[PDB]
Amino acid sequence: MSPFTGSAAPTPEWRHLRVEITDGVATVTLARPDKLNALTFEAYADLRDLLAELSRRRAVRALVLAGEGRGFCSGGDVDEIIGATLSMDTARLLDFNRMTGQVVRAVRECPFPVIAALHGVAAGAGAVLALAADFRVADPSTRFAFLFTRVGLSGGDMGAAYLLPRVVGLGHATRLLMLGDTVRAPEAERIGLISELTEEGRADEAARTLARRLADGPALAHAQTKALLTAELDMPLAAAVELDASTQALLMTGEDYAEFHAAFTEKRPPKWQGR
């Protein structure tokens, strides 16, 4: 845990999503299965604020993002978001779109791996949240749809036009984002959108197993792996090797690197501490 806290206290209760933490693994289950977990303004606000809170306290070592019911997440609620935005002032339109983009950025920047447990529909914001995760663990019913243009918006929504070509290549990104057609599991797997394909109904269990695998590993090493992937997407080669050099040298002063060698020489399992 991080000692760098001040006047601000942790939120006692998260009302717009379900948050459970066990042994360093957070599980965030989207609310509203009867609506395919369609997101509201308040759910975005809780995503933003929860991630900021977990990040500043270095609270967990892995996070699973899940949805109950018939699918993962259908995106923003058509009445509670879209209908409401039709009567918002200019500043509040900008604030809403900035908030969703900073949710995706917060997923990309939080000091622990994020795993999306996917099944049925992941559409609109649901598909971008999945895309921002470090891992997508998906069952065969999983259907992505980047369908912003179908509501008259651009496919550059909350980072999708930045992330998608970096995951699947520019030719596939353009097709997916401009036409908004459904991408079923086999195509998704072929083009690079799936980290682990599971058996039908097993996505949540496999996501939990992957989370625990990561949480059992060297946390600082994992978190810095994510940090360097993310930063170096936006850096030139010469700068990337400077960040690598600094980071690897720092980690070589850590307990975990020393423990690897001690365990290796003593022919036993390493016991990681994440420092």
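From 1 onward, residues are counted along the sequence shown.
*Asks:* Mean CA B-factor: is it higher for 54 to 62 or for 204 to 212?
*Replies:* Result of the comparison: 54 to 62.
*Asks:* Look over 30 to 38 and 231 to 239 in the entry and identify the one with the greater average Cα temperature factor.
*Replies:* Of 231 to 239 and 30 to 38, the stretch with the higher C-alpha B-factor average is 30 to 38.
*Asks:* Which has the highest CA B-factor per the PDB entry: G155, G71, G101, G171?
*Replies:* Highest C-alpha B-factor among the listed residues goes to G71.
*Asks:* Just say lowest, middle or highest third for the CA B-factor of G67 relative to the other modelled residues in its chain.
*Replies:* For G67, the deposited C-alpha B-factor lands in the lowest third.
*Asks:* Divide the modelled residues of the chain into thirds by Cα B-factor and specify which third, lowest, middle or highest, holds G76.
*Replies:* It belongs to the highest third of the chain when residues are ordered by C-alpha B-factor.
*Asks:* Where does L47 sit by CA temperature factor within its chain: lowest, middle or highest third?
*Replies:* It falls in the bottom third of the chain.
*Asks:* Divide the modelled residues of the chain into thirds by Cα B-factor and specify which third, lowest, middle or highest, holds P186.
*Replies:* Ranked within chain, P186 CA B lands in the highest tercile.
*Asks:* Thinking about Cα B factors across the chain, which third does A145 belong to?
*Replies:* Lowest third of the chain for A145's C-alpha B-factor.
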